[PDB]
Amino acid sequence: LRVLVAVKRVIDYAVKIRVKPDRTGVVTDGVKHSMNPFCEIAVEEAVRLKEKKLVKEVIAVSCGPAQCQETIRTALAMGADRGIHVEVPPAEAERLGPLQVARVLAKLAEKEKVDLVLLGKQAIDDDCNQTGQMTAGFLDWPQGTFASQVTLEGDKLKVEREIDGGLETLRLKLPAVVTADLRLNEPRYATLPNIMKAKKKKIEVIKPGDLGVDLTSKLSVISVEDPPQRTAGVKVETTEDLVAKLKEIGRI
């Protein structure tokens, strides 16, 4: 198999974000960014399949500004064979959403002749949980979302998914699209020598236009604002007081 893995560069999950006072977005300048946690898990899974000799090649791809190349390098250091950067200028990247990314991944899938596309189940910044499903729809391939277990059984895929009341097992005919949930695995850490060799692996750069993808969007963010703040609470000294407090306010 040939696998296509999509990784997104986002503000580090541990960072306390700040909304711009002009209410056009969140502060990104001088803020720590890193690979989206869900994407890391997709990469780790692609690499494990290659290590089990079930997958021949792993191509990592990221859409966005020049900084995304570091994210791709990370994927390479984890074990991806080669990277593809679909470059978009910082200004236009602000308008980049699941629809455009899905269109780009769909073209790349058939262009590269991959049998499997792995994505994370959502990006921690936009929280959309859409790109994998849209890519599958565009390609008319089956989808295995929120996957916590994946098994290649010849020309089919066995996927166990996280659903609201438990787990669910599907079987999908290849080629397919799978989106990774946190439970799928624990991502490995790229070691120094691997980060060094990763600098030798070359990243191919292309533009959406070269793929025939139009970045036109009919979605427009009107504003980005801080959610309403909560009134500071009180600390109770005893369990008895806690219950008393809850009782008088009608919670108990």
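Residues carry their position along the shown sequence, with the first being 1.
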Open item on the list: Which is higher on mean Cα B factor in this entry, 14 to 22 or 227 to 235?
Closed with: 227 to 235
- [ ] Going by the average Cα B-factor in the PDB entry, point out whether 91 to 99 or 122 to 130 comes out higher.
- [x] 91 to 99
Open item on the list: Per the entry's Cα B factor values, which of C68, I206, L219, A46 stands out as the maximum?
Closed with: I206
TODO: Go through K50, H33, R183, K201 one by one and give the residue whose Cα B-factor in the PDB entry is largest.
DONE: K201
Task: Within-chain third of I195 by Cα B-factor, per the entry - done: highest
TODO: Comparing against every modelled residue in the chain, figure out the third that the C-alpha B-factor of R161 lands in (lowest, middle or highest).
DONE: lowest
Task: Within-chain third of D155 by Cα B-factor, per the entry - done: highest
Open item on the list: Ranking every modelled residue in this chain by its Cα temperature factor as given in the entry, which third contains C39?
Closed with: lowest
Task: Modelled-residue ranking by C-alpha temperature factor, third containing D140 - done: middle
